[PDB]
């Protein structure tokens, strides 16, 4: 029977052991154990699940230390990703001299704690359960492909071909509009263009394969 961490995890094994303690419990049960009330619609408190997990993952403090990025991931009653996963915002101006090494994507992705949560809309927020957590780092072959995708997409962005981008660019990573708003960028001629703000995303089949791995034998 779970209890929130009296202090932040001092190691990633401590952080994972706790995350695993919340598997099977619903957001409503986890909030009731901490004196919180689950909204009836997340749209009113857009960042509610994040605060709750942070309270449980140790000290609200009224993971940057451990070097592990926490990422919730919406899944179905079977634990498979419902959608595309957002990594970070893709800036269309002022990203020169930036590399894969000093990129926020690689940073945020170097070591991740995936926390599956049933994200199916029709399910009352309070009845959505936490799945099985998974600490993950891209292997050398995945990290080369992530670099290939990041360099390609940033190349297009800076070369003035952001509108030329589709889901066909990048095997793992993807750039999709972050969704009214328009952000400034560079065109095919180098001219100024207004466009939909963008973000780096990970394909569904990618987060899908990684959560499913440990199940397979032979």
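Residue numbers count along the first chain shown, from 1.
- Going from residue 62 to residue 63, you skip over 4 to 9 residues of the deposited sequence that the entry leaves unmodelled.
- According to the entry, the deposited sequence runs straight from residue 37 to residue 38 with no unmodelled residues in between.
- Averaged over their C-alpha atoms, the temperature factors of 5-13 and 20-28 are higher for 5-13.
- Averaged over CA atoms, B-factors in the entry run higher in 77-85 than in the other of 120-128 and 77-85.
- In the PDB entry, a CA B factor belonging to the highest third of its chain's modelled residues is recorded for residue 67.
- Among all modelled residues in this chain, the alpha-carbon of residue 136 has a temperature factor (C-alpha) in the middle third.
- In this PDB entry, the Cα temperature factor of residue 186 sits in the middle third of its chain's modelled residues.
- Ranked within its chain, residue 47 lands in the middle third, by CA B factor from the PDB record.
- Residue 144: CA B factor lies in the highest third for its chain, per the PDB record.
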